[PDB]
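Undergrad: The structure is given below, and queries will be raised subsequently.
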There are 10 protein chains.
Amino acid sequence: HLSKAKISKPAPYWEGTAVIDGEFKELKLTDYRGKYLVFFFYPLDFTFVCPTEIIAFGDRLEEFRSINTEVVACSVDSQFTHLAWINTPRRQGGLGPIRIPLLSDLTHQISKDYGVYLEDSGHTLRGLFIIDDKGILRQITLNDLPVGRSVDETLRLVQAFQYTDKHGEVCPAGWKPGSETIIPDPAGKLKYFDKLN
Amino acid sequence: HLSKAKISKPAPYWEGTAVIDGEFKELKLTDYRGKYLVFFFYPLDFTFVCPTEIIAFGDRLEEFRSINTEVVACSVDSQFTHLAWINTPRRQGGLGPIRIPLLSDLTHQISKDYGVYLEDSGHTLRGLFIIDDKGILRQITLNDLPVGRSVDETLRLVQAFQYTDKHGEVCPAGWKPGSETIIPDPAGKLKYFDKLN
Amino acid sequence: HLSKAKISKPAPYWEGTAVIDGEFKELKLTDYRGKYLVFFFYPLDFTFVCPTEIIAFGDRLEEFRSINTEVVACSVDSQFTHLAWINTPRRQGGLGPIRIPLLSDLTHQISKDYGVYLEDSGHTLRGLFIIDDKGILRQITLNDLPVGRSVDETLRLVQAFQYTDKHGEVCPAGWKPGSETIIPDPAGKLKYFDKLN
Amino acid sequence: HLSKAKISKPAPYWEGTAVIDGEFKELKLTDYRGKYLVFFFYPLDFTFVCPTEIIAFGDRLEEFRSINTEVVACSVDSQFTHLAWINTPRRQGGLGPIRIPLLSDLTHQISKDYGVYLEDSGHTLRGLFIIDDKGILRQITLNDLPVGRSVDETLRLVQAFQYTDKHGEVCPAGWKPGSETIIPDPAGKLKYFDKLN
Amino acid sequence: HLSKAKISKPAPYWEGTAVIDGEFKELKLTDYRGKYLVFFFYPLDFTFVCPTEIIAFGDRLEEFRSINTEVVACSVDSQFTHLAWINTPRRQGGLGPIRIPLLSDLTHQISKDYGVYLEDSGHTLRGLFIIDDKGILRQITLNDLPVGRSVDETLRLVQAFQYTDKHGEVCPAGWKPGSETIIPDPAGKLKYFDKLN
Amino acid sequence: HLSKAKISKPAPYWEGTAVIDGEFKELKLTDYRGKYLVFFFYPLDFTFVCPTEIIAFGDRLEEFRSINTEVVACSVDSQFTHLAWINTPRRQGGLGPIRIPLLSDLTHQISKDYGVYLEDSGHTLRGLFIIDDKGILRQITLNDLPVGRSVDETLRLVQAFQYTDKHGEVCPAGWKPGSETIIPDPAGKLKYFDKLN
Amino acid sequence: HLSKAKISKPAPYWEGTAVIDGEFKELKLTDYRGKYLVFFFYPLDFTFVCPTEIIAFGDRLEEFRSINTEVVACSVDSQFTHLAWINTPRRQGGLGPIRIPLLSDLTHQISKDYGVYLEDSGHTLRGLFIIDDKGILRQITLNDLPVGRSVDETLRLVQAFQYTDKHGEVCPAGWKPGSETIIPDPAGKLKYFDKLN
Amino acid sequence: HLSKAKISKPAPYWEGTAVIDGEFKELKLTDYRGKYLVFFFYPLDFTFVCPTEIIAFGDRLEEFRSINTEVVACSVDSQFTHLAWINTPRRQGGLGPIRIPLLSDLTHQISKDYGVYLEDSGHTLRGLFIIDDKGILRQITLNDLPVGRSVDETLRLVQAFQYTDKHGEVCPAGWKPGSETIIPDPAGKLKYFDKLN
Amino acid sequence: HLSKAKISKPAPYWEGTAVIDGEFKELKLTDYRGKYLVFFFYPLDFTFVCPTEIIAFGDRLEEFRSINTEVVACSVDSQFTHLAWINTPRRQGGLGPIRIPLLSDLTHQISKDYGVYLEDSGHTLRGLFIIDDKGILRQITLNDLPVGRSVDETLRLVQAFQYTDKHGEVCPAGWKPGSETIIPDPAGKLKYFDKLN
Amino acid sequence: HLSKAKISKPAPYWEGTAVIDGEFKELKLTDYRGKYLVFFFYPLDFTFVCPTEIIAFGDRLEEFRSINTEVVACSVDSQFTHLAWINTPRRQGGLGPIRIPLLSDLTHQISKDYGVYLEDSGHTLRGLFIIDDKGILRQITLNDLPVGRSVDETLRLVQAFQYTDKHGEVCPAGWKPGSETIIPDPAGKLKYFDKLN
Ligand SMILES: [O-][O-]
Ligand SMILES: [O-][O-]
Ligand SMILES: [O-][O-]
Ligand SMILES: [O-][O-]
Ligand SMILES: [O-][O-]
Ligand SMILES: [O-][O-]
C-alpha cells in the first residue's frame with residue numbers, strides 16, 4: 001500500500017471522525033479548501049512527546065488563524081480514546097481542553113495515504129504536512145518518534161509559502177517575514193545577490 | 001523506481017563525484033559513519049534559493065562540526081557545473097569558495113533512491129535528510145521549490161536527536177537545548193507533566 | 001488477508017503487549033499451553049458493552065482458574081489506552097482494576113488472524129475463542145457489536161469440552177455438569193436414548 | 001470455495017429440499033423474511049448429540065415462535081435419510097415426529113457457503129446462525145463435534161438482538177430480559193455506570 | 001475434478017468406512033488384490049431401485065465367491081445411515097442383514113474419482129465396475145437413475161474376463177460359459193468362423 | 001480432448017460417412033430423433049469379437065425395430081474398409097450383407113467425443129451407448145477388448161428405459177418386461193416392498 | 001502437432017506394425033540404416049490410385065535392391081486391413097501378394113511427424129520421402145490425392161543422390177546416370193558450362 | 001516463422017521485383033490466376049545446378065505455354081544480381097537471355113512462407129510448387145541441394161493435374177497422357193483393375 | 001527505453017527549453033519543418049572538446065543558413081548552466097555569445113529517444129543527426145567521447161542529401177558539390193562508370 | 001532482433017565467408033585484434049554508390065595499412081555474387097580486382113547484430129564502424145542509401161582515435177593530425193583556451 005502524498009500535487013483526500021470542541025464530528029480534508037491547513041500525525045494518545053505537541057499548536061492557534069491557517073492533528077486512536085485524553089487533566093499526561101480537532105485514523109487508511117504508517121508498530125511516526133488553500137501539498141516533515149516538531153518553524157514555512165504564492169519571488173535559506181527575497185530569473189536574481197554579499 | 005529512504009532504516013547508500021575544496025573526489029555515504037550527517041538536495045546550480053541555502057550552511061559550518069556533524073549538498077548537475085558555480089563570485093549568484101562538498105548526481109540514481117527526483121523537471125525538490133552516526137535515517141524534510149530550509153531548525157533537530165540518543169529521553173514540541181525533556185513510560189512521565197503545570 | 005482460526009486445528013499463534021496487573025508485559029498464546037484459554041476480542045476501550053464484559057469475566061475469574069482456565073481480552077487499542085482505561089474509575093465507564101490481561105492488537109494482525117477484524121470500522125466485533133490445553137481451537141462465538149457475551153455459557157462450554165476430553169462420551173443439547181452424556185456408538189448410544197425419553 | 005457468512009451482511013442465500021411435517025418441500029432462506037431465524041447445522045443423522053439438539057429445539061419451539069422466530073436445522077444427509085430418522089422412535093436415537101424443518105444439503109453447497117463444511121469428514125461441524133427479520137446475519141456459533149449447543153443461550157441472544165433492534169440500546173455481558181441496558185454515546189452512557197455502582 | 005476411471009488402467013485407489021456384518025470397518029481397494037471385484041455405486045439409502053440391487057447381489061453372492069469374486073456397494077450416505085438401513089426391515093424398504101460391504105463416500109471423493117458423481121443432485125448414478133485380481137479396471141457400466149443393473153449380466157462379464165485372462169482367446173457377442181470362443185489372429189480366427197457358418 | 005458423453009444430457013452430436021445397404025451415405029445422430037438409438041463402437045474391421053457383435057445385432061434387428069429402436073455401429077476404419085468387410089463372407093470373418101449402418105470415424109473426432117478412443121492403439125474400445133428418442137444419453141457400457149457385448153442385456157436396458165419413460169415407476173435389479181416395478185416415493189414404495197417382495 | 005520432416009536432417013524416427021509377407025512384424029526406421037529407403041504414404045487401402053502405386057513399386061522392387069534401396073509403404077489403415085487387402089485379388093482392387101512392407105499408422109502419429117496427415121479427411125496425401133543410408137532426409141514429394149507418383153523419377157532421384165554422395169559433385173536438371181555433372185566451385189564449374197555446353 | 005504451403009489450400013500469396021526480359025517489374029502470384037503456374041526456388045545465382053535448371057526449363061518453356069502453364073524461378077538474390085547473371089554468357093555459368101521471370105526474395109519472407117528457407121545457409125533449397133488456375137497448391141517437390149529437378153516429371157504432373165481437373169478421374173502410378181485412368185468409386189474401379197489389368 | 005532514431009523514418013519528436021540569444025525559449029523539432037536541421041548532442045557544459053564543437057559550427061553558421069539549414073546543440077545540462085556557459089569567456093573554456101540554440105535535456109528523454117544517452121555516465125556521447133525539411137532522419141554520426149566532429153564533413157553530407165533530394169541521382173564516395181554523380185539504374189549507371197574509367 | 005553495437009563496448013563478434021584475393025576464406029572479427037578496423041556495410045552488389053565506396057577505400061588502402069588499420073566490407077550478397085562482381089570491369093560497375101575483403105552476410109545475422117539491416121528492403125543501409133585494436137567500437141556512421149561515405153573523414157576519425165588513445169588529450173572539432181589538442185581537466189583546459197584559441 002503506497003504513499004500518495006506528493007509535493008506539488010493535490011494532498012491525498014481524507015475523511016473520518018474527529019473530536020471538535022468535545023464532540024464527534026465528521027471531518028473532511030475538503031472542509032479546509034480556501035485556507036492553508038497544517039495537518040499532522042502523532043503516534044499515540046496517553047504517551048509523552050504527543051501531548052506537548054498538541055498543546056504547543058493549540059496554545060498558539062491564533063497565530064495560525066491570523067494567517068488564514070487551520071490546524072488538525074491525527075493518530076490511529078479512536079474518537080473515544082481522543083475524547084478521554086481531552087478529558088484527562090494535563091497533570092496526568094492528559095490534554096485537557098484543546099482547540100484543534102483530533103482526527104481518528106482507526107482503519108489506518110489515512111496514515112497509509114500519507115506514508116507515515118509504521119507497519120511494525122501499528123501507528124504513525126511524527127509526520128507533518130502543509131497543504132495550501134488550493135488543496136496542494138507544499139511541505140513534508142517526518143521525524144523519528146523521539147523528536148517533537150516546532151511551531152515556529154511551521155509558522156515560518158506557512159508564511160514563506162503564502163508570500164511566495166503572492167509575489168512569485170523566492171524565499172532564501174532562513175527566510176522570515178521582512179527578509180530579502182529573490183526574483184527567480186537569471187538577470188532579476190542580481191537585485192538580491194548584488195545588494196547583499 | 002521507488003524511494004528507499006525510510007526513517008529508522010539505514011539511509012540509502014550513495015557514492016559519486018563531489019567537488020571538495022576545488023577538486024573532484026569520490027564521496028561515499030559511508031565516509032561519514034561515526035558522525036551525524038545533514039545530507040541535502042537542491043534543484044539546480046546557477047539558480048536562486050539554491051546558492052543561498054548552500055552559503056547559509058557552509059558559512060555556519062562550525063555550528064555543525066562543533067557537534068560531530070557534517071553537511072553534504074547534492075544536485076543533478078555535473079561536477080564541472082558545480083566547480084564553475086563555486087568559481088562564480090557570490091555577487092552573480094555564484095557560491096564563491098565553499099567548505100561543504102557538492103555531490104553530483106548526473107545519473108539521477110541518488111535522487112531516485114532518496115525519493116526527491118522530479119520526473120517532469122529532471123532535477124530534485126528541496127529535500128533534506130538527517131542521518132545519525134550509525135547511518136540510520138532520522139529525519140526527512142521536503143520543501144516545494146520556492147521555499148528554502150533553515151539552518152537553525154536543522155541544528156535544533158540534530159541537537160535533539162543527539163540528546164535523545166544519549167539520555168534515551170524524549171523531546172517535546174519546540175525543544176531547544178536546556179529545555180525540559182520526558183521519561184518514556186506511563187509512570188515516570190509524570191515528573192514532567194506535574195512540573196510543567 | 002484470510003482468517004486462520006479453524007476449529008480442531010491449532011489456534012492461530014499470537015504475541016503482543018498486554019496490561020497485566022498495571023504493567024506492560026509481553027504475552028504469547030504459547031504461555032497458556034497446559035491450560036484452557038478463553039481468548040476474546042472486544043471493539044473499543046472507552047465505550048459501552050465493552051467494560052461490562054471485561055468486568056463480568058474478571059469478577060468471576062476464580063470460577064475459571066478453578067477449572068484450569070485462564071482468560072485474556074483483546075482490542076485494537078494500544079497498551080497505553082488499556083492502562084488509562086484500567087486507571088479510569090468504573091463510574092466513568094472506566095474499568096478500574098482488573099485481573100485479566102488486556103492484550104493490544106495495534107497492528108490489527110491478531111484480529112485478522114482470528115477473523116474478527118472489521119475492515120470498515122477499524123476494530124473487531126465481539127469474537128470469543130475457546131482454546132484447549134493442547135492449543136487446539138474448540139469453539140468460536142461471534143456476536144454483532146450490540147450484544148454482549150455470557151460468562152455462564154462460556155463456563156458451560158469449557159466444562160463440556162473438559163468432560164468430553166476426559167471421557168470420550170458426548171454432550172447433549174443444554175448439557176451442564178451432572179447431566180446425562182452419550183456413548184458415541186450405534187449400540188452404546190442406546191444407554192442414553194433408551195434410559196431417558 | 002470460501003464462507004460467505006459475515007456478521008452484518010445478508011446471510012448467504014440457500015434453498016433445498018426439507019422434510020416438513022413428514023413431507024418433502026422446497027425451502028428457501030427467503031421464506032423466513034419478516035421473522036428472526038435460528039438456522040443451524042449438525043453433523044450426521046443417526047448419530048448422537050444430533051438428535052438431542054434437534055429434539056431440544058423442536059420440543060421448545062414455542063419459546064421461539066412466541067417471539068416471531070423460527071428454527072431450521074440442516075445436515076449433509078438426504079431428505080430420505082432425514083425422513084427415516086424422523087420415522088425412528090426417540091428410544092433408538094431417532095427424532096420421532098418433529099415440528100422444525102430438516103433441510104438437506106447433499107451437494108454441500110449450503111454448508112460451504114456458511115463455512116461449516118469439514119472437507120476431511122464430508123459433513124459439517126456444529127454451526128448455528130442467528131439471522132434477523134431483515135435477513136442480516138447477527139450471530140455465529142461454531143462448536144467442535146463433541147459439544148452440543150444451548151437452547152437457553154440461543155434464546156437469550158435472539159431476545160437481545162430483538163431488544164437492541166427496538167430500543168437501539170446495547171446489551172451488557174450476560175444480559176437477560178429485564179436487565180440494565182446502555183445508551184451508546186460517551187455522554188448518555190454514564191446513566192448506567194453511575195447506576196451499577 | 002475429472003474421472004480417473006480408465007479401462008485397462010489400474011482402478012482408481014479408494015478407501016473408507018464400510019458396514020461389514022453390522023460393524024464399521026476400514027476398507028481399501030487394495031484389500032481385494034488377488035480376487036476379482038465388482039465395485040458398484042447406487043444413489044441413496046432409503047430409496048427405491050437401490051435396496052433391490054444390493055439385495056439381488058447379496059442373495060446371489062455365493063455365485064460370485066465361488067469364482068474368486070467379491071462385491072462391494074457404495075453410496076454417498078454415511079456409514080451410520082448404512083447401518084440404520086441394514087437394521088430396517090425389507091418390508092419397509094430396508095435391507096435387513098446383508099453380506100455385501102456397504103461403503104460410505106461422504107466426501108464424494110471416491111465417486112468423483114470413478115466419474116459417477118452427479119454435481120446437480122449430490123449423489124451418484126448407477127455405476128458398476130469390474131476390476132480384476134491385478135486391480136486393472138476391465139468393465140464400466142453406467143445407468144441413468146431409473147434402471148437397475150443385472151446380476152446375470154454382471155456374472156457373465158466376470159466369467160468372460162476370467163476366461164480371456166486364462167486362455168489366449170476372446171469371447172464373442174453373448175458368450176456364456178460353454179460357448180464358442182475365438183482365437184485372436186487372422187489364421188486361427190477361421191476355426192471359429194468356418195465352423196459357425 | 002475430453003469426453004462429451006454425459007448420462008442424462010444430450011448425446012454428443014455426430015456425423016460422418018456410413019456404409020448403408022452397400023452404398024456410402026452421410027449419416028447424422030439427429031437422423032434418429034424420435035427413435036431410441038443403440039449406438040456402439042467396436043475396435044477394428046477384420047478382427048475377431050467385432051463381426052460377431054455386428055452380426056448378433058444385425059441378425060436380430062427386428063427385436064429393436066419392433067420397439068422403435070435403431071442400431072448403428074462405428075469404428076475408426078474407412079468406409080472403403082467397411083464395404084470390403086461387408087463383401088467378405090462370414091466364414092472368412094466378414095460381415096456378409098448387413099442391415100445396420102457402419103459409421104466411419106477416420107479422424108477420431110466421434111470416438112474422442114464419446115470417450116472411447118484408445119490413444120495408445122489408434123482405435124476405440126467396446127463402447128455402447130443407449131440414446132433415447134429425445135436424444136438424451138441414458139446408458140453407457142464399456143468393455144475392454146477381449147469381451148463382446150450382449151444383445152439380450154442391451155434389449156433389457158432399452159425396454160427398461162422405454163418403460164420408466166412411459167410409466168414413471170422405477171426398475172429393480174434384473175427387471176425384464178412383466179416384472180414388478182416400484183413407485184418412487186417414500187410411501188408408495190411400500191406397495192412393492194411388503195409381501196410383494 | 002507440427003511436421004518434423006526436414007531435408008538434410010535425420011528423417012523423423014518411426015515404428016509400428018507392418019505386414020511383411022503375410023505376417024505382422026514390428027518395423028523400425030532404424031531397421032534401414034545402411035541402406036537407402038524410399039518411404040511413402042498413400043491415402044487408403046481398398047481405394048484407387050493407391051493399389052496401382054504399391055504394385056508399380058513392388059513389381060520393380062528389384063531395381064531398388066540392385067541399388068541398395070528398400071521401399072516401405074504406409075497408411076492410416078490397421079495391419080488387419082493391410083493383410084485383408086493383400087489377400088484380395090488384384091482384379092478386385094486388391095494388392096495380391098507383395099514384397100513391399102505395408103506399415104500401419106492407426107494413431108496417425110507417424111503421418112503427423114511426416115507432415116502428410118489430412119486433418120479434415122483423417123488420412124494422408126501422397127507423400128514420398130527419400131532417406132539415405134545414414135538416415136538423413138534427402139527428398140520430399142507431396143502430391144494432391146488425384147495424382148500418383150513415378151517409379152522412374154524416384155529411381156532417378158535415388159541414383160542422383162547416391163552419385164553425389166560418392167563423387168561429391170552436383171547433378172544438373174534432368175540428370176540420369178552417365179550424364180554430365182558439375183564440380184561445385186566457381187573455377188571447376190567452367191568445365192561444364194564452357195566449350196562442352 | 002512457419003511454412004504456409006499447404007496442398008489443396010491456396011498457395012501462399014507473394015509479390016516482389018522480378019527480372020522479366022531485362023526489366024524490373026513488380027510481380028504478383030495473383031498475376032497467374034487463370035493459368036497453371038510452376039513456381040520454383042533455387043539456392044543461388046552464379047553457382048552450379050541452379051543455372052542448368054533455369055535453362056532446362058526456359059528452353060522448354062513452350063511445352064508449358066501450350067498447356068496453359070507459366071513458370072517463375074525465385075532466389076534470395078537481389079534483382080540486380082539476377083540481371084547481372086542474365087547478362088553473363090552461359091559459358092561462364094551465366095544464364096544468357098531468358099523468358100522465365102527471375103523473382104527476387106531479398107527479405108526471405110517468400111521463402112519462409114513456402115517452407116524452403118535454409119536458416120543456417122541464408123538461402124533456399126530446391127523447392128518446386130505446382131499451382132492450379134484457381135491458385136490452389138497441388139504439388140510440392142523439395143530436393144536437397146546437390147540434385148536438380150526434372151522438366152519431364154514436372155510436365156507429367158501438370159498434365160495429370162489438368163486431366164483430373166477436367167475428367168474428375170484419378171491417375172495411377174506413372175501416368176503420362178493417353179494412359180488408362182481409374183474412376184473414383186468402389187464400383188467403377190473394377191473397369192480398370194479387372195480384365196484390363 | 002530504446003532508441004527511436006531510425007534512418008529514413010521521421011526523426012523522433014522533441015521539445016524543451018533552449019538558450020536562444022541569451023534568452024530562454026521553448027523549442028520543438030517541428031519548428032524546423034521546411035528546413036534541413038543538424039541536430040547534435042555533446043556531453044557536458046564546462047568541459048573540453050565540447051566548447052570547440054559548438055564554436056566551430058557557430059562560427060561557420062552562415063554556410064548552413066545559406067543552404068536552408070539550421071543547427072541545434074543539446075546536452076543534459078540545465079538551461080541555467082547553458083546560459084552561464086555562454087556568459088563565460090572563451091578564454092576560460094566558455095562559449096561567449098553564440099548563435100546556435102543550446103537545448104536542455106535535463107530529463108534525459110530526448111537523449112534516450114535519440115539513443116545517445118550513456119546510462120553509466122549520466123550524459124550523452126557525441127551524437128549528430130541530419131534531418132531533412134520533411135523531418136525524415138537521413139544521417140546518424142556517433143563518436144566516442146574524445147573525438148570531435150567535423151563541420152566540413154557535416155556540410156558535405158547536408159549538401160549531398162539536398163542534392164539527391166532534388167535530382168534523380170546518387171552521390172559516390174567522397175562527393176562534394178561539383179563532383180560526378182550516378183544515375184541509379186542498371187543502364188544509366190554506365191554513363192558514370194565508363195566515363196570515370 | 002535488436003542491435004548489439006554499442007560505442008565503447010566490444011564490437012559485436014562476427015564471422016562468415018569473405019572473398020579474399022579471389023578465393024573464398026572464412027573471416028572473423030577477432031582476426032583483426034591488434035589492428036584498428038574500419039568495418040563497413042553497403043546495400044547491394046551490382047548497384048551504384050556501392051562500388052565507388054569499395055573502390056575508393058581499396059585504391060587508398062595503404063593510407064590505412066600504414067597506420068595499423070585494416071578495412072573490411074560486407075553486404076547481404078552471397079560470396080558467389082561478390083566474386084562475380086569482382087570479375088566485372090569497373091567500367092561496367094564492377095569492382096575489378098580488389099584488396100579489401102568482401103564479407104557475405106546471407107543470413108543477415110551480422111547486419112542485424114550491427115543495427116544496419118533494413119527489414120523492408122532485405123539489405124543493409126550505409127553503415128561504417130570504427131573498431132580499435134582492442135576490439136572496442138569507437139565510432140558509428142550511418143547514411144541513408146543515396147549518399148556515399150568519405151574516405152578522408154574516415155581517415156581523420158581513425159587518426160583522431162589513435163591519437164587520443166596514445167596521448168590522453170582530447171580532439172576538438174575538425175582535428176586533423178598536427179592540430180591543437182586539449183588536456184581533459186578543468187585547469188589544464190586553459191592551456192588550449194587562452195590565446196591558444
Ligand atoms: O530557485 O528556487
Ligand atoms: O454425535 O456427536
Ligand atoms: O430411482 O431413483
Ligand atoms: O477382436 O477382439
Ligand atoms: O572529452 O570528454
Ligand atoms: O546505390 O546507391
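Residues are referred to by chain and number: the chain letter is A, B, ... according to the order shown in the C-alpha cells, the number counts from 1 in that chain, and ligands are numbered separately from 1 in the order shown.
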Please find the residues contacting ligand 4 at a distance of at most 7 Å between atoms, with only C-alpha atoms and all ligand atoms counted, and report them as a PDB file with N, CA and C atoms, in the first residue's frame.

TA:
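Below you can see pocket_31.pdb, which holds the result:
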```pdb
ATOM      1  N   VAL E 170     -10.777 -64.917 -27.273  1.00  0.00           N
ATOM      2  CA  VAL E 170     -11.676 -63.803 -26.989  1.00  0.00           C
ATOM      3  C   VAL E 170     -13.128 -64.292 -27.032  1.00  0.00           C
ATOM      4  N   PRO E 184      -7.691 -65.039 -31.422  1.00  0.00           N
ATOM      5  CA  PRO E 184      -7.450 -63.695 -31.976  1.00  0.00           C
ATOM      6  C   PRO E 184      -6.213 -63.552 -32.878  1.00  0.00           C
TER       7      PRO E 184
ATOM      8  N   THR F  47     -11.216 -57.908 -37.537  1.00  0.00           N
ATOM      9  CA  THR F  47     -10.806 -58.622 -36.331  1.00  0.00           C
ATOM     10  C   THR F  47     -11.828 -59.695 -35.891  1.00  0.00           C
ATOM     11  N   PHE F  48     -11.954 -59.906 -34.584  1.00  0.00           N
ATOM     12  CA  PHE F  48     -12.422 -61.189 -34.076  1.00  0.00           C
ATOM     13  C   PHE F  48     -13.754 -61.123 -33.338  1.00  0.00           C
ATOM     14  N   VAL F  49     -13.749 -60.592 -32.122  1.00  0.00           N
ATOM     15  CA  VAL F  49     -15.017 -60.360 -31.437  1.00  0.00           C
ATOM     16  C   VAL F  49     -15.931 -59.471 -32.304  1.00  0.00           C
ATOM     17  N   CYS F  50     -15.328 -58.499 -33.002  1.00  0.00           N
ATOM     18  CA  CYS F  50     -16.063 -57.434 -33.773  1.00  0.00           C
ATOM     19  C   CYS F  50     -17.181 -57.855 -34.723  1.00  0.00           C
ATOM     20  N   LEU F 145     -11.181 -54.934 -24.560  1.00  0.00           N
ATOM     21  CA  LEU F 145     -11.265 -55.536 -25.890  1.00  0.00           C
ATOM     22  C   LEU F 145     -11.662 -57.019 -25.978  1.00  0.00           C
ATOM     23  N   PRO F 146     -11.272 -57.833 -24.986  1.00  0.00           N
ATOM     24  CA  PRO F 146     -11.461 -59.274 -25.181  1.00  0.00           C
ATOM     25  C   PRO F 146     -12.896 -59.786 -24.975  1.00  0.00           C
TER      26      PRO F 146
END
```

Undergrad: Which chain A residues have any atom within 12 Å of an atom of chain I, and for each, what is the nearest pair of atoms with distance in Å to one decimal, counting only C-alpha atoms, rows sorted by chain and number, as JSON lines?

TA:
```
{"residue": "A:184", "atom": "CA", "partner": "I:80", "partner_atom": "CA", "distance": 11.3}
{"residue": "A:185", "atom": "CA", "partner": "I:80", "partner_atom": "CA", "distance": 9.5}
{"residue": "A:186", "atom": "CA", "partner": "I:80", "partner_atom": "CA", "distance": 7.6}
{"residue": "A:187", "atom": "CA", "partner": "I:23", "partner_atom": "CA", "distance": 10.4}
```

Undergrad: Considering only C-alpha atoms, state which residue in the set B:194, B:152, B:53, B:15 is at the smallest distance from residue 172 of chain A.

TA: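 Of B:194, B:152, B:53, B:15, the one nearest residue 172 of chain A is B:53, counting only C-alpha atoms.
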
Undergrad: Just list as a ChimeraX atom specification whatever in segment 35-121 of chain A DSSP marks as helix (DSSP H, G or I).

TA: /A:49-59,61-65,79-86,90-92,109-113

Undergrad: May I have the residues within 12 Å of segment 158-164 of chain A as a PyMOL selection string, using only C-alpha atoms and disregarding those fewer than 2 positions away in the same chain?

TA: (chain A and resi 8+35-38+63-71+129-134+136-140+151-156+166-184) or (chain B and resi 49+143-150)
